[PDB]
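Respectively, the protein sequence lines represent chains H and L. Be aware that the first sequence starts at 1, since it is given in our numbering, and climbs by one per residue. Be aware that the second sequence starts at 264, since it is given in our numbering, and climbs by one per residue. For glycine and all other residues, C-beta sits at the position ideal for the given N, C-alpha and C. Notes to accompany the following structure.
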Amino acid sequence: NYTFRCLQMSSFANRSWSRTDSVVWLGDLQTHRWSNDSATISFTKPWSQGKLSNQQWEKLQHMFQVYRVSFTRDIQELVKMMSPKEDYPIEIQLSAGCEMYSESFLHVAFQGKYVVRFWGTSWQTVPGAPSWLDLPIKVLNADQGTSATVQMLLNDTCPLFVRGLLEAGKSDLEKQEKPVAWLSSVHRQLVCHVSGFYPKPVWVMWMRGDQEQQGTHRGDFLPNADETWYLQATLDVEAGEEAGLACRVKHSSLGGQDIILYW
Amino acid sequence: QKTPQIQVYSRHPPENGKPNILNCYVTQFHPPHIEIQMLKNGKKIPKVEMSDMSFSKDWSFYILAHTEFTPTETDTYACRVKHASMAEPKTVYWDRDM
Ligand SMILES: *[C@@H]1O[C@H](CO[C@@H]2O[C@@H](C)[C@@H](O)[C@@H](O)[C@@H]2O)[C@@H](O[C@@H]2O[C@H](CO)[C@@H](O[C@@H]3O[C@H](CO[C@H]4O[C@H](CO)[C@@H](O)[C@H](O)[C@@H]4O)[C@@H](O)[C@H](O[C@H]4O[C@H](CO)[C@@H](O)[C@H](O)[C@@H]4O)[C@@H]3O)[C@H](O)[C@H]2NC(C)=O)[C@H](O)[C@H]1NC(C)=O
Ligand SMILES: CCCCCCCCCCCCCCCCCCCCCCCCCC(=O)N[C@@H](CO[C@H]1O[C@H](CO)[C@H](O)[C@H](O)[C@H]1O)[C@H](O)[C@H](O)CCCC(=O)Nc1ccc(CCCCC)cc1
Ligand SMILES: *[C@@H]1O[C@H](CO)[C@@H](O)[C@H](O)[C@H]1NC(C)=O
Ligand SMILES: *[C@@H]1O[C@H](CO)[C@@H](O)[C@H](O)[C@H]1NC(C)=O
Ligand code: NA
Ligand code: NA
């Protein structure tokens, strides 16, 4: 399963200041960025155009260029109409894309909270969303041409584009990078640090011989800047009884040869 | 409004005198406007690279800062964050192991 996510973040500070910035992810790899300051969408991989021709890409990009200007104007017009009841500053986030097996999604958040989705043939407010959104959504839903474009983008364009990314980006998407591990500590806490692995699935455990130590607490997966992962696993032990312990790491990149680090 | 969490960790095993990369991962904040510096002995490090800001499933923002560094037993490193959710800048020191 790969999830393709287009993430838009728009900040409106006052009537004279706003910006919209986007990033696109295929799974955990960034494929595009679109800065407010750029007229065009930037590739972050050599395969970010997928299997689309230069012509096809310019057209799709054009549709997003029109969208970005239209969206910014629509929000500004909406705030003028609602003032002073709804007023600056405003953060709007959009998360749109598809999960491949496909199913697509388009979710919108206002001030950090999920409020609107596109679903089926229309936009809808989610239960609990502020009631002032109902009228603008009703008005947006009268725009048949926008509805048709969004339905096309979600139902058709997205899975087609992503199938092309998966083939064009195959060697990157299926890359294997090996972890390196190290041990530390400051009744003690032993920490096994594991860094530089790709892809994300990994197994890290404190061991005494062949016995898994069940007190092992796995941390959060933290990103490195080079499209690899960092993780630590900790074990709180009795002082004196640290000898005989080892950290064991299993990962797809190691070819069945686990890392074992003895304390 | 959500307060940033800060984690500071090295790319490679920290060995004194060997060049390495120090990461500052800042997460779980809203609104997205934020100021992030990395410090060596309390002084701002000049060349700090920043990822594009992005956000998680829960809509909270995150961003990764990193910088080249050479650990030694005479230098401290930290990550300092200014955000509207906090009255004063929050500083997290590299614990020398991460
Ligand atoms: C794109 O795909 C849409 C479905 O996919 C979902 O939404 C997209 C955006 C993605 O996120 C995807 O991952 C999602 O899974 C698809 O939407 C569907 O469109 C049809 C019409 O084109 C809708 O059919 C109408 O259904 C209603 C009943 O709806 C309710 O009940 C059903 C279950 O019974 C639920 O699923 C719904 O959620 C509702 O609760 C009927 O009353 C209606 O009948 C009337 O109209 C037809 C003609 O269309 C006449 O023949 C009849 O006599 C009636 O007069 C329709 O049958 C369907 O509800 C809708 N799905 C959803 C989930 O809303 C969309 O059409 C696709 N667009 C394109 C361009 O491909
Ligand atoms: C998406 C699938 C991805 C496919 C993958 C391919 C790879 C692409 C790589 C992506 C890189 C960039 C990613 C950027 C992220 C954006 C993703 C989301 C896009 C979804 C919206 C697309 C809309 C496209 C249609 C459009 O542009 N409509 C125009 C102009 O309409 C006119 O012109 C049309 C043709 O050009 C039609 O003829 C139409 O009939 C005309 O009217 C409209 O002005 C519309 O309104 C404009 C506003 C619409 C709107 O998002 N509104 C909105 C949504 C939610 C809220 C509620 C919140 C509020 C809280 C206060 C409020 C407003
Ligand atoms: C609007 O917000 C921007 C960004 O914070 C600020 O620099 C500017 O002074 C503000 N303008 C007005 C007219 O308040
Ligand atoms: C963002 O881009 C738009 C369109 O070019 C521009 O009008 C706006 O001033 C930009 N905002 C900032 C804060 O640079
Ligand atoms: Na949706
Ligand atoms: Na938001």
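Worksheet item: Does the stretch 17-36 of chain H come within contact of the stretch 315-325 of chain L, defined as at least 3 CB pairs closer than 8 Å?
Response: The stretch 17-36 of chain H vs the stretch 315-325 of chain L: in contact.
Discussion item. Between which two residues does the beta strand (DSSP E) holding residue 300 of chain L run?
Written reply: 298-303 is the extent of the beta strand (DSSP E) around residue 300 of chain L.
Fill in: Under 9 Å between C-beta atoms of residue 299 of chain L and residue 271 of chain L
Between residue 299 of chain L and residue 271 of chain L, the CB-CB gap reaches or exceeds 9 Å.
Fill in: From H:128, H:12, H:30, residue whose alpha carbon lies closest to that of residue 80 of chain H
H:12
Practice prompt. Note the first and the last residue of the continuous beta strand (DSSP E) segment covering residue 67 of chain H.
Written response: Not the beta strand (DSSP E): residue 67 of chain H falls in the alpha helix (DSSP H), residues 54-82.
Worksheet entry | Cα-Cα separation, residue 161 of chain H to residue 209 of chain H | 49 Å
Worksheet item: Is residue 264 of chain H near ligand 6, going by C-beta to nearest heavy atom under 8 Å?
Response: Residue numbering for chain H in the displayed model covers 1 to 263; residue 264 of chain H lies beyond these limits and cannot be assessed.
Worksheet entry | Proximity to residue 135 of chain H [Cα-Cα], best of H:218, H:124, H:145 | Nearest C-alpha to residue 135 of chain H: H:124.
Item to complete: Using only the heavy atoms of ligand 6, determine whether one of them is closer than 8 Å to the beta carbon of residue 91 of chain H.
Response: Under cutoff, so the answer is yes.
Item to complete: At 3 residues or longer, and completely inside the stretch 156-241 of chain H: list those beta strand (DSSP E) runs for me, N to C.
Response: With a minimum length of 3 residues, the continuous beta strand (DSSP E) runs that stay inside the stretch 156-241 of chain H are 180-184, 188-197, 203-208, 229-237.
Discussion item. Distance check for residue 283 of chain L and residue 333 of chain L, CA to CA, integer angstroms please.
Written reply: 6 Å
Discussion item. Under 9 Å, Cβ to Cβ, is there at least one residue of chain H near residue 270 of chain L?
Written reply: With its beta carbon less than 9 Å from one in chain H, residue 270 of chain L belongs to the interface.
Fill in: Closest residue to residue 108 of chain H among H:258, H:247, H:184, H:94 (Cα-Cα distance)
Comparing Cα positions, the closest option is H:94.
Worksheet item: Given a threshold of 16 other Cβ atoms within 10 Å of its Cβ, counted over all protein chains shown, does residue 262 of chain H qualify as buried or as exposed?
Response: exposed
Worksheet item: Does DSSP put residue 21 of chain H in a helix, a strand or coil?
Response: strand
Worksheet item: Does at least one heavy atom of ligand 3 sit under 8 Å from the Cβ of residue 14 of chain H?
Response: yes
Discussion item. Cutting at 6 Å between CB atoms, please list the residues of its own chain near residue 34 of chain H, excluding the five before and the five after it.
Written reply: 22, 41
Discussion item. Which residue wins for smallest C-alpha separation from residue 3 of chain H, given the options H:31, H:247, H:9, H:189?
Written reply: H:31
Worksheet item: Using 9 Å as the limit for Cβ to Cβ distance, is residue 360 of chain L near chain H?
Response: yes
Worksheet item: Hey, is the stretch 180-189 of chain H in contact with the stretch 287-295 of chain L, meaning 3+ C-beta pairs nearer than 8 Å?
Response: Verdict: no, contact absent.
Discussion item. Using a Cβ distance threshold of 8 Å, determine whether the stretch 218-232 of chain H contacts the stretch 193-204 of chain H, with at least three qualifying pairs required.
Written reply: yes
Discussion item. Can you list, in chain order, the residues of its chain with a C-beta nearer than 8 Å to that of residue 88 of chain H? Leave out the 5 residues immediately preceding and following it.
Written reply: 12, 13, 14, 15, 79, listed in sequence order.
Item to complete: Mark residue 356 of chain L as exposed unless 16 or more other C-beta atoms lie within 10 angstroms of its C-beta, in which case mark it buried.
Response: exposed
Discussion item. Ligand 6 and residue 322 of chain L: does any heavy atom of the ligand fall closer than 8 Å to the residue's C-beta?
Written reply: yes
Worksheet item: Can at least three beta-carbon pairs, one atom from the stretch 140-152 of chain H and one from the stretch 319-338 of chain L, be found at a separation below 8 Å?
Response: These segments do not touch.
Item to complete: At 8 Å on the CB atoms, spell out the chain L contacts of residue 96 of chain H, in chain order.
Response: Within 8 Å Cβ-Cβ: nothing; residue 96 of chain H doesn't reach chain L, min ~13 Å.
Worksheet item: Does the distance from the CB of residue 91 of chain H to the CB of residue 9 of chain H come in under 9 Å?
Response: yes
Worksheet item: From what residue to what residue does the beta strand (DSSP E) around residue 97 of chain H run?
Response: 90-100
Fill in: Bridge partner(s) assigned by DSSP for residue 148 of chain H
Bridge partners of residue 148 of chain H: none, in fact.
Discussion item. With the cut-off set at 9 Å, would you say residue 285 of chain L and residue 354 of chain L are in Cβ contact?
Written reply: no
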